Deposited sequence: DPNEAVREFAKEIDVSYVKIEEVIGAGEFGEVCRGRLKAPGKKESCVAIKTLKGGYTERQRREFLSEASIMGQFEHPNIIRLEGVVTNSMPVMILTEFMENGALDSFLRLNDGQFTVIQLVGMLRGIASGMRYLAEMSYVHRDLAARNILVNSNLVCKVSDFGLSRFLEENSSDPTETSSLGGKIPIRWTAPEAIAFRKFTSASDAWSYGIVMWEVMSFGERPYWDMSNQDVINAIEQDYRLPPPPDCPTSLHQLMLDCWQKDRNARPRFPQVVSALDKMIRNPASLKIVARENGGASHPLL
């Protein structure tokens, strides 16, 4: 593995959350010749489960981008198995926004979406299909920088219906274009300050609604240009959806022309 670290360099500070295979902790990483850094630690079962859990670390270690969670290291030679990443002070974006409901400006929200879109642009360029892009899988640092998290080389836990493109649900064809659909859902989550997508519907109702041309309405106070970008991401034809460089360009144009963001339906 790339970034194997001696367990003596890690001090676990406190449990900060619950992950899929175990606890999420905050800790301190101090390696010889390097400054001490704050880390988030995921601790871990069968051999296939261990290889799947560690597959997150394998791919994360091959990415380097300001909007992609940074791998600091892994503990595999010793037990328990750990994945260490940079610590993100504000945690998951959906809960962060619910805590701060209506407290960030449209320009700040657009900056967060631009950061997510830059991370996705990088992944699509690397031919990496996320498949689980959702606000709960975005982490936020003290400066409000949004980073894509939740990596893995495993195949579908269950398909996250509410965030998945219709061709991906129906034919299990996951592409950067189905991630563009998911990104549209993330835009809606952000502009709604962490509301659950299709909150008043079940998974089967969502599958039926989407197939029957229903699309999420603009969140309260959402600029029309942002809801139009959502509708573009939600085109039934995957080839008609904007690619991530187009998404970033559209958001940069909004940031540059804030008067456009004043138009609300």
| property | result |
| --- | --- |
| Missing stretches, numbered from 1 on the deposited chain sequence and kept in order | 1-8, 53-55, 168-182, 292-302 |
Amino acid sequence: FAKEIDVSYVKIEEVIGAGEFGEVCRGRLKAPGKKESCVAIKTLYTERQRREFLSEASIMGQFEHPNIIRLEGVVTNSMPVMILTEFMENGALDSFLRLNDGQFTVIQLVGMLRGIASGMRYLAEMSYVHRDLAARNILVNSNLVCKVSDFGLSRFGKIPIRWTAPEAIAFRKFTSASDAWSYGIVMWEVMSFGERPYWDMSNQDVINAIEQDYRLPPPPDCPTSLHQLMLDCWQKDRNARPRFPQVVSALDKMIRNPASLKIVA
From here on, numbers count along this sequence of modelled residues.
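Each form is matched to the other, and the largest set of C-alpha atoms that superpose within 1.5 Å is called the rigid core.
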item	value
Outlying stretch relative to shown form, 51-59 versus 225-233 in 5 other deposited structures of this protein, C-alpha RMS (core)	51-59
Stretch farther from the shown model on average in 5 other deposited structures of this protein, with CA RMS computed after core superposition (216-224, 31-39)	31-39
Check: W199 without coordinates in a third or more of other entries	no
Across other compared entries, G157 missing in at least a third	yes
Selected stretch [higher average CA B-factor]: 163-171 or 113-121	163-171
90-98 or 71-79, whichever carries the higher mean Cα B-factor	71-79
Out of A31, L231, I41, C222, residue topping the C-alpha B-factor column of the entry	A31
Among modelled residues of the same chain, the CA temperature factor third for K253	middle
Third of chain Cα B-factors occupied by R50	highest
Cα B factor band for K35 (lowest, middle or highest third within the chain)	highest
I185, C-alpha B-factor rank within chain (lowest, middle or highest third)	lowest
Assigned third (lowest, middle, highest) for the C-alpha B factor of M191	lowest
